[PDB]
Every structure is written in C-alpha cells, then in structure tokens.
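As given, the protein sequences belong to chains 4 and w, one line each in that order.
Be aware that the first sequence starts at 26, since it is given in the deposited numbering, and climbs by one per residue.
Be aware that the second sequence starts at 770, since it is given in the deposited numbering, and climbs by one per residue.
Reviewing the structure listed below.
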Amino acid sequence: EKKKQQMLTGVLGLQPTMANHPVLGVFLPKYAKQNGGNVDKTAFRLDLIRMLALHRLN
Amino acid sequence: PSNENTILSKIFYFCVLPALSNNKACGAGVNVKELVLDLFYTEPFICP
Numbered sequence: 026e027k028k029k030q031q032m033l034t035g036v037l038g039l040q041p042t043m044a045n046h047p048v049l050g051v052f053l054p055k056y057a058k059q060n061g062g063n064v065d066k067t068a069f070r071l072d073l074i075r076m077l078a079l080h081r082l083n
Numbered sequence: 770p771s772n773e774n775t776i777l778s779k780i781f782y783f784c785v786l787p788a789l790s791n792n793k794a795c796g797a798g799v800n801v802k803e804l805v806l807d808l809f810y811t812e813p814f815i816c817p
C-alpha cells in the first residue's frame, strides 16, 4: 500500500479523491509492479493520460 | 506507406510544398516533454 501511494504521489501528486477513480483504482496495482525499475516517471504520466482518455469516450 | 504512398509523400515534400513555398518554409520539432507537462497541468482535476 505504501508503494501504491508513493507511486500515486510520484505520478502527479494526485489527491486520494482521484485515487478512488476507477481508472486509477484498476491501474495503480499494475503501476505497483513497476517503477521499482529505472523505467521513468514521465512514462507513467503519459500512460495515465492516454488511459484516462480511452476511458472517456462518450 | 507502400510504394504508391511513399512516392506521393515524396511528391508533395519535394515538388508541391517547395515550389509553392519558394524556400520560405521552416521545419523542426516542438519539445517532447513540456507537452506532457501541459497535459499534466490539465489532468489533476477529475470532477465530471
């Protein structure tokens, strides 16, 4: 849980109110099993961008 | 881009845009990270 929350603050500093969002609620566990590597911080921001976008297709 | 579409891309980029431009064009890239930061500036509010 501390890893999840640390990655949440690293991504954007998102508020827990946005942590409760479904796109976050599903992807934070997958972002937990990563970012322990050297990968990036920016990649996760762009990933959240495009996934949040995929989610909102009216 | 296949043979035809590659040919047409080079047709524009070497004939149509040059002759109508008369050497007036520029061409380059915007920053690769500050666009991501602008997206992040739009993102942190999640209300519908």
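Backbone N, C-alpha and C define an ideal beta-carbon position, used for all residues, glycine too.
- If you draw a straight line from the Cα of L73 (chain 4) to the Cα of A788 (chain w), it comes to about 43 Å.
- Residue state for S771 (chain w) is assigned as coil, using DSSP reduced to three classes.
- C-alpha of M76 (chain 4) to C-alpha of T811 (chain w): approximately 15 Å in a straight line.
- Here the C-alpha atom of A68 (chain 4) lies approximately 15 Å from the C-alpha atom of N800 (chain w).
- DSSP places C784 (chain w) in the helix class (H, G or I) of the three-state scheme.
- For the region 27-52 of chain 4, the beta-carbon criterion of a distance under 8 Å to any beta-carbon of chain w is satisfied by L37, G38, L39, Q40, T42, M43, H46.
- Per DSSP, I74 (chain 4) is one residue of the alpha helix (DSSP H) stretching across 67-80.
- With respect to chain w, the C-beta atom of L71 (chain 4) has a partner C-beta closer than 7 Å.
- Residue nearest to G38 (chain 4) within the set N63 (chain 4), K58 (chain 4), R70 (chain 4), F52 (chain 4) is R70 (chain 4) (criterion: CA-CA distance).
- Judged by their CB atoms, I815 (chain w) and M32 (chain 4) are not nearer to each other than the 7 Å cut-off.
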